[PDB]
Each structure stands twice: as structure tokens, then as C-alpha cells.
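Only one structure is covered here, and it is reproduced in the block below.
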Number of protein chains: 2
Amino acid sequence: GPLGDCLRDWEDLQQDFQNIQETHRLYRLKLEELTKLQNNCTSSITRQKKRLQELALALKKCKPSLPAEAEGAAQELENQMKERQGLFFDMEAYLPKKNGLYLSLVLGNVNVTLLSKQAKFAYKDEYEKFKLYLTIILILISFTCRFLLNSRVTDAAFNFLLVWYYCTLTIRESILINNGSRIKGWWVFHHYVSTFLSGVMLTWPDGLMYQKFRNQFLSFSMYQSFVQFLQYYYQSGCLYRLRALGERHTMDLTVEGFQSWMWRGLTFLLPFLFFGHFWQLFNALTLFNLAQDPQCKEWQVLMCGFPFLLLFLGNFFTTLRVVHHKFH
Amino acid sequence: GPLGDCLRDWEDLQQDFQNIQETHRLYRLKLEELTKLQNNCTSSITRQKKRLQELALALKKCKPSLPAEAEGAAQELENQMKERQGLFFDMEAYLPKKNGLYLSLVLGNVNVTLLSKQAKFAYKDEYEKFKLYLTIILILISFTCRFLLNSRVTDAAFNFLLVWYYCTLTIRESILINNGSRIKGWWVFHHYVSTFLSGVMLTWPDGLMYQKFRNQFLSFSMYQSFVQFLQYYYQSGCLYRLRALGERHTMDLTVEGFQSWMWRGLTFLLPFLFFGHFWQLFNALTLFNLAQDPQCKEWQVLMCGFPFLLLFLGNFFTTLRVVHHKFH
């Protein structure tokens, strides 16, 4: 009868969930063991790192006092401790860490995915993928905007979207960095300043300058978007081929990976980046000259101009460092 | 000599880091075992849940066809499967889960802190604590603003801060909920609509209506802030005393915990919440009437008015449901 089905269901649930519950309890015990082991190991690593830093400082102090015959041995020793510290950091990267000074405000939670190099590589993949999708979204929006509407409201909607973009992306960069990579630091400031740019331009409504400006600004935005497209495609290709060959750890090789696709891609992208910085400079100059027009007193045009120059300088410096590294 | 110190340092580093590296390797193996076990257990739980849902649907289908003599046994059975499903969900809460439909956009990462009820309770504690700090920050800002400056720019700064507040807090609510609690759903929409309110009011610069309005609006904001203060202090007290007695799992007891401090605190807070909803209604009415003033055509006053009424209705409904539950 229908009751017998329920009875057999009761039997199977009893047996299988008894197994499940016992397994779950043993899971709980194993997890407690794992977390105690992790805590002990992290403490040991911290203690070793402290002693290592002390010894390295002592070596640095003694080095000027060292004559050459001891200095050669000391330099070899410093090299091998440098490698040793690198190895220690590499292993520590397999163990959980503490949020640095920002997610503490934004999350205050543990996040590290120290489960596999596979997990990290995958995560970086969807990081870049989301970048490409949302960027093309902005590109379509920008094209449509410059085409159809003179509304301030459509500009406002686009601007909300842009600032939300950049905040999301700073969270990405934060998680990525505490999970470990070579961010160089000087890139997150770019996103922060771009955010402030967008906020202030969200302010300060219509005015003859505003209409004179919006078209050029939006064209720059579209060009920058397509540049980020090129960035993605190059980075995607080079990281994939690197993973195919050796590791593709995180975006950095100190060597053109394919050395033919990599070098050619870099040398084809560089004119685009130079063009982007150049047209940003042109826009900055236009705004600067316009700021002296006496027909209107705008407390926003100059506060918009200053970040443009700051960001142009930062980009030029980053590109120059990149090419200097590439040459030698 | 100084060299001998380095040699003994080499010896100690060799020994202790050999121990460390062996332990770290055994950690890696144990972690692999743990994650494989977690995957298998989660799969088993999912399969059991699927079979349980199927059986429950079958029982629901058969129930109308069931006569009373079988229906009593069937109802008892449904009760015990309801408890069984609850227990299964409770255990599943100890195991990692998948981000729901939002962090997938915002993070796309695993986050659950299923390490202890201690960890969850602590996290909720700093959640509330951050709330109180940042709220009093806004309170001071608001007082200063209504006091000194008629600048639109100070209003803009306050508004940036407010929207950043609310976005941070929606991230809090998201992590909290996928970590497990009774959010009731209808609260996050409150934060979203408040965010849109603040964005639009960030737009639409000066105008006779703007100056006529800002003072009343900011006063409402200050009152709402102090209300959130009272909210915090009550929730803090009741959750702490609940943790002292039984568990203080997450903010919910279906019973006034102290039943003297809890009931009195609720009945003292309720007038404040009623006052807040009431003054929000007064502000909404003022804006609605002003929207008919023909001296200026503002495409923003009405789009600001509609969320006020929506939010007032939502708050009134939530409070009414709360009091209905409390009465019986």
C-alpha cells in the first residue's frame, strides 16, 4: 500500500542518515584537528619569520663592518636566506592569512581560497572574464549615449553604473592581492582616483561648458573601454599559453612568454595605451584652458581637472617603468 | 665570532624548518582528505535532500486522498519529517554552501565561516558594532551640517558617505544571510530603496524647493540615526543576555528573552519607530504637495517622493507583522 512506501522510506532514511550523521561527526572532529594544526603551524611560521628577520637585520648591521674575505661568504649566505625567505613565503601562501587594512573595513572576514593553484587560476580567470563582459556593456552604453540623447539623466545613469563598476573592481583587486599576486600597488590608486572623477562629474549639472565637454569625455571613455578590451585579449592569450607551458602563476613572467605572440602583442598594445594617455592629456588641457573662461564660476571643473593630470602622470610613469624593464 | 652565530642560526633554521616543512606537507595531505570528505558529504546531503523532497511531494499528493484514520498517522509522519528536514538543514549549516545570486556578481567566492558557533556569534557582534560606530559618525555629521553650512557641497559629501554606508551594509546582510539567519527578506529592499533615494537626492542641485526641503530631510535623517542607536542598544542587550542564558543563535527567539527587559525594551522602542515612520510620512506629504508647485518643473522631486511612500508602507507592514506575532 501507500503506507508501505512510507515505511521503506523510513527505513532507507534511517540507515543512510545514520551513516551521514556519523560521517558528519567524524568530519567535525577532523575539521577541529585541521584548524588546530593550522593555528599551530601559522604560529610556528610567524615565530620562524620573526627570528629570520632578526637574523637578517643582524647580518645587515654587521655587513658594513665585514671585510671582503668574510663578505663573499656573507653575500652567499644572504642570497640563500633570500631564497629561504621566498620559499617560506611561498608555503605560507598555502595557508590562510589576515585581511589587510581594507577588507577589515569592508568585510572583516577570512576569505583566502588556499585550496589549490587550480582554484586561484580559475578565480583569476573569472576576474578577467567579468571585466570583459562589463566593459563591453559600458561600451555599448557609451555608443548609445553619444548617439541619441542629450539628457543629463542618461549621463547620470551611465555614471552610477561606472562608479559601481569601479568599486566592484577594487574589491576584486583587494581579494586578489591578499590572495597573492604582483599588483605593484600603484594600480589601485588609479581606480580610486577614477572613482572620485566619476563622482564629481556626477555632480555639477548642465552648463555651456558641460555640453561643450560631455561629447569629448564620453569619446575618451569609449576609447579607454576598447583599450581595456585589447588589454584583456592580450592578457588572456599570454596567461593561457603560459599555463599551457609552465604555470601561469599570476600575470607575471619577467619574460615574454611566447616571446613572439607576447612581444608582438605588447608592441601592438603599446601604441593604443600611448594614444589613450595622449587623448587624456588633450582632454585635460582642454578642461584646463576652459577653466579660465569667465562666463561661469564652476567650483567643479578644476577639481575635475586635477585628477586628470595626476592620472596621466601615473600612467606615463607606469608605462615607462614597464618599457624600462622590457628593454633590459 | 660573528660567523659562529650565523652557523648556529643555520643549524636551528635547518632543524626547525625541516620540522615545519614536514608538518606543512602533512597539513596539505590532511587538507586534501578534508576537502574530499567535504565534497562527498555535501553530495550525499544533496542526494538525501532530493529524495526527501520527492517523498514529501508524494505525501502531499496523497494527503487529500487520505481518509482520517490514515491521515492522523500521516500528519504525525509529516511532523517528524519536518523536524528531520530541520535537523538536516541545521547540520548542513555546519558545511560550506554556495553564494546566492548576488555575491556571485559581487564576489563569486566561497566565504562561509562554518568553523564555530563562536565564530558566527562573534561576527554578528562586530556587524552590530560597526553599525553603531558608523551611525554615530553620520549623526555628528548631520548635526554639524544642519548647524553651520548651506553649501550644496557639504550635502554632497554627506550623501556620498551615506550611500557608501548603505552599500557596505547590504554586503554585510548578504554575507550574514548566506551564513544563515532569519532576515525575512523584506529588509534588504529597504536598504536598496534608501540607496536609490540617496542617489537621486545627490542629483538635482539647488532650487527654492531644495532649500525649503533640506532642513526637514536632514532632521529626519538625524532622528532615524538615533532610532538605529536605540535599535542597537536593545538588540545588543537582548542578544547578550540570551547568549548568557541559552544560545543567542541569531536575533530570534519567538519569545521575549528576559521577558522583562526584552518586553519593556520593545515597548519603549516601538514609540520611537512609530514616530520615525510618522515623521517620514509627514515629509512625504510635504514633498507630494510641493510637487504641484508650478514655479519650477523638477523631474526629481516626484521620483524622490515615490520611494518615501513605498518605504513607509513597507515599514508599517513589517511593524504590524511584528506586533501581531508578539500579541499571539
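Scheme for the C-alpha cells: letters A, B, ... for chains in order shown; per-chain residue numbers from 1; ligand numbers from 1 in order shown.
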
Give me, as a tab-separated table, each residue of segment 45-95 of chain A that comes within 10 Å of segment 167-183 of chain A, together with its shortest interatomic pair and the distance in Å at one decimal, counting only C-alpha atoms, with rows ordered by chain and rising residue number.
residue	atom	partner	partner_atom	distance
A:90	CA	A:180	CA	9.6
A:93	CA	A:180	CA	7.2
A:94	CA	A:179	CA	9.5

Tell me the residues of chain A close to chain B, meaning within 7 Å using only C-alpha atoms, as a short mmCIF file (atom, residue, chain, number, x, y, z; two decimals) with C-alpha atoms, in the first residue's frame.
data_model
loop_
_atom_site.label_atom_id
_atom_site.label_comp_id
_atom_site.auth_asym_id
_atom_site.auth_seq_id
_atom_site.Cartn_x
_atom_site.Cartn_y
_atom_site.Cartn_z
CA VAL A 106 34.68 46.25 4.06
CA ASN A 111 38.37 34.80 2.51
CA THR A 168 33.32 46.22 -7.55
CA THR A 203 27.72 66.35 -9.61
#

**OP:** Please identify which residues in segment 56-282 of chain A DSSP calls alpha helix (DSSP H) from the backbone, and express them as a PyMOL selection string.
**Re:** chain A and resi 56-65+68-92+103-106+117-147+152-179+188-202+208-245+261-282
